[PDB]
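Input: one structure, supplied below.
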Amino acid sequence: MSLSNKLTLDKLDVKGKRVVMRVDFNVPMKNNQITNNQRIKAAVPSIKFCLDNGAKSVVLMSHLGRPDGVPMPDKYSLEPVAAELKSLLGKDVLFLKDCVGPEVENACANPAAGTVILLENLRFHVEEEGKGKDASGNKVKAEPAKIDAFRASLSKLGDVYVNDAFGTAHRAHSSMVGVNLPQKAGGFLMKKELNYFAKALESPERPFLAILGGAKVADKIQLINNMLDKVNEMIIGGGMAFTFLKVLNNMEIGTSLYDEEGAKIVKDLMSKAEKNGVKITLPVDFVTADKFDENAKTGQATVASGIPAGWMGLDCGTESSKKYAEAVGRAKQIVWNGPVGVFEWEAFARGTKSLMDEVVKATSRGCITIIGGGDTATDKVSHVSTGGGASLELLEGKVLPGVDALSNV
Ligand SMILES: COc1cc2nc(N3CCN(C(=O)[C@H]4CCCO4)CC3)nc(N)c2cc1OC
């Protein structure tokens, strides 16, 4: 699973060379204001490395949002990201208003030593994804010749290629799998992410506990299945749990999330767990709400009492947190993916906060702790992933096209 077999940046000579580098700068924004810069900071070590080892230039390219192959510079520009990178680098970032074409190529052909360039959003061109939508919202497909010419343009921007875009590594997009340079190395973020997930999934310290939260079950059946073959314990929490509780324990769940497709395979999953000796910890109590709202009336219920009158469970309860904390207590390795409550809303955040507390504690006493960033919870853990969709693929046992496209050693 690791990058052990692939060319990496640490064994790539960059002195005197232009580095074209694909990063995941697809950060959360609001009114063209960045609201979480973790993805930017995470790329800094590879960038600083290139600079400190004499790279003539570092050309950065990324997508942002899903403009679907039409320029939306007033909604999805990376310009704000150039300013943020400058502050983090403590160095000028030259921002270009496009990512391919004669002007961008001229700009990148032979820059003054040490220049850092950020290109404009790759997805302003339908050739990045290979498909998209026209200006009228009709789906469109990119044309092979134009995809080729798009790729050839990007490839002209450097002498060697580094992909540090772990967050995008599940996407076989042009900048990810289509750069035609002989040396294609993974950066430090790509390497670090893959080392942590490879350790956890191939060679974990045991007991190995997976904490799987989130909402829907149907789309996580493969994930759960694969994890049941690797873990010793598994917490199944968040909206997902109600499907298991209704099916396995006859629980009355009110209007709580229920996955009819998921319910059909629940017993199969649990049979697999029991055969494998995996201890499953589901919630035993809940914070309830009379409506799906931040300011709903709240209540408390257990599995035994049921969730009442059209009410829904939006967080686990105090006793669930204890069960979770015991499982965390027993873990030497933890992978946490998906939230266990609706923690954006403070009345339903307690479950998540207690659990993060337990996971931070475990780290302090030597537990290897891997959490997702963003959807899972709100640097006192071993590894916070920058890739949610991408890590999900890894957890399901799938291949990362961004990783396969790299040169072997
Ligand atoms: C217990 O943890 C969770 C519960 C979640 N529940 C929900 N829903 C969303 C769908 N729901 C509704 O539409 C309401 C409105 C009347 C029917 O119930 C209620 C349940 N959604 C979610 N996104 C939930 C997420 C959760 O944790 C991550």
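Here chain A follows Swiss-Prot for its numbers: 1-378, 387-417, in order, are the residues you see.
Heads up, header says this was done by X-ray crystallography, 2.1 Å.
Quick reminder: no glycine exception, Cβ is built from N, Cα and C everywhere.
According to Swiss-Prot, the protein has these features:
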MOD_RES   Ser2  N-acetylserine
MOD_RES   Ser2  phosphoserine
MOD_RES   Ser4  phosphoserine
MOD_RES   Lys11  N6-acetyllysine
BINDING   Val23, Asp24, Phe25, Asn26, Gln38, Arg39, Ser62, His63, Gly65, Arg66, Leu122, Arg123, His170, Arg171  (2R)-3-phosphoglycerate binding site
MOD_RES   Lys75  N6-acetyllysine
MOD_RES   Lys91  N6-acetyllysine
MOD_RES   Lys97  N6-acetyllysine
MOD_RES   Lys131  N6-acetyllysine
MOD_RES   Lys131  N6-malonyllysine
MOD_RES   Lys199  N6-acetyllysine
BINDING   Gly214, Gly238, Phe343  ADP binding site
BINDING   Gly214, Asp219, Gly238, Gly338, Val340, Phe343  CDP binding site
BINDING   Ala215, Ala218, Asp219, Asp375  Mg(2+) binding site
BINDING   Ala215, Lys220, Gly239, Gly313, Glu344, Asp375, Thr376  ATP binding site
BINDING   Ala215, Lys216, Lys220, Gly239, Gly313, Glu344  AMP binding site
MOD_RES   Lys267  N6-acetyllysine
MOD_RES   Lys361  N6-acetyllysine
Which of the binding-site residues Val23, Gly313, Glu344 have a Cβ less than 6 Å from any atom of ligand 1?
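From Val23, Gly313, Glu344, counting a Cβ under 6 Å from ligand 1 as near, the near ones are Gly313.
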For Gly313 (ATP binding site), which of the three DSSP-derived states applies: helix, strand, or coil?
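For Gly313 (ATP binding site) - judged by DSSP and reduced to three states - the answer is strand.
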In DSSP terms, helix, strand or coil for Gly338 (CDP binding site)?
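Reduced to three states, the DSSP call for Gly338 (CDP binding site) is coil.
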Please tell me which one of the recorded positions listed here (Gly214, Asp219, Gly239, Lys267, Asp375) sits closest to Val23 ((2R)-3-phosphoglycerate binding site), measuring Cα to Cα?
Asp375
Considering Cα atoms only, can you say which of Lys199, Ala215, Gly313 is the nearest neighbour of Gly338 (CDP binding site) among these recorded positions?
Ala215
Cα within 10 Å of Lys199 (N6-acetyllysine) is the criterion; apply it to the recorded positions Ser2, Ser4, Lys97, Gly313, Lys361 and give the hits in sequence order.
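If one measures from the Cα of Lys199 (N6-acetyllysine), the recorded positions that come within 10 Å are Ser2.
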Check the Cα-Cα distances from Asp219 (CDP binding site) to the recorded positions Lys11, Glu344, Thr376 and tell me which is shortest.
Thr376
Cα within 10 Å of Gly239 (ATP binding site) is the criterion; apply it to the binding-site residues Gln38, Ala215, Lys216 and give the hits in sequence order.
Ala215, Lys216
